[PDB]
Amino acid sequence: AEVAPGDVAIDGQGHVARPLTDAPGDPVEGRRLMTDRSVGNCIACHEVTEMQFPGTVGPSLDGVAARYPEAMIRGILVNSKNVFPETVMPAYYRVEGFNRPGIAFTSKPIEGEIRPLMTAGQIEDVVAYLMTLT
């Protein structure tokens, strides 16, 4: 059972208090997804020294679990803009409202349903990994 994009309970600060799925997050897979250029591609913008050639557009995620609550970290992943208005960080659990979305990098328009950049489970896996960053 996973909470579908349209249904996430989102407080006023952009925090999301409950996991997006009832499956436990696997931090090992979380780690892989973040460096998977095909999925999270998070290292394009973020350094994590625990984990080459990280970008500097976003802050270092070293320590993120020591400074932000789990609910805030999850909120950042569901729709970063709810947490950081007008951020350049992508919204990984959004499926509506894009201008000219394409099928990955094929330049073809998405016709029919738009799937989120990551699934609920991929997000909880990533959250689980970030929570090890104390």
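Note that residue numbering follows the sequence shown and begins at 1.
- Per the record, residue 72 and residue 73 are directly connected, with no deposited-sequence residue omitted between them.
- Here 101-109 and 86-94 are compared by their mean Cα B-factor, and 86-94 comes out higher.
- A summary of the deposited B-factors shows that, of 17-25 and 119-127, the stretch with the larger mean C-alpha value is 17-25.
- Between the residues 63, 40, 58, 54, the entry's highest C-alpha temperature factor is the one at 63.
- Sort the chain's modelled residues by C-alpha temperature factor and residue 46 lands in the lowest third, per the entry.
- The entry lists a Cα temperature factor for residue 81 that places it in the middle third of the chain's modelled residues.
- Residue-level temperature factors show residue 67 in the highest third of its chain, judged at the C-alpha atom.
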